[PDB]
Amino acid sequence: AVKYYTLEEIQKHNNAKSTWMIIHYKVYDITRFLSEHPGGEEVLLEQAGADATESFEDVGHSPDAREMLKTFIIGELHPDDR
């Protein structure tokens, strides 16, 4: 079963030492990619600990980027927060 994380817990992972993000209700820990993102680290920090779905789609990420995203998954957003 997937683990659920609350928005309350996810918001605590909002800096360079630990960055989590929600994208389409899936929760990712991208801390280790913060310095390797082709779009740079600052745009990730700007939305660290939050739902970045809209920004991820608006930028227009490639299929390869979406396959890479799967490698950072840790769970899904708790339903009380959906």
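In case it trips you up, residue 1 is the first one in the sequence shown, and so on.
- Relative to its counterpart among 72 to 80 and 1 to 9, 1 to 9 has the higher mean temperature factor, C-alpha atoms as listed in the PDB entry.
- Mean CA B-factor, 60 to 68 versus 12 to 20: the higher value falls on 12 to 20.
- Ranked by C-alpha B-factor against the other modelled residues of its chain, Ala48 falls in the middle third.
- Ranked within its chain, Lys26 lands in the lowest third, by CA B factor from the PDB record.
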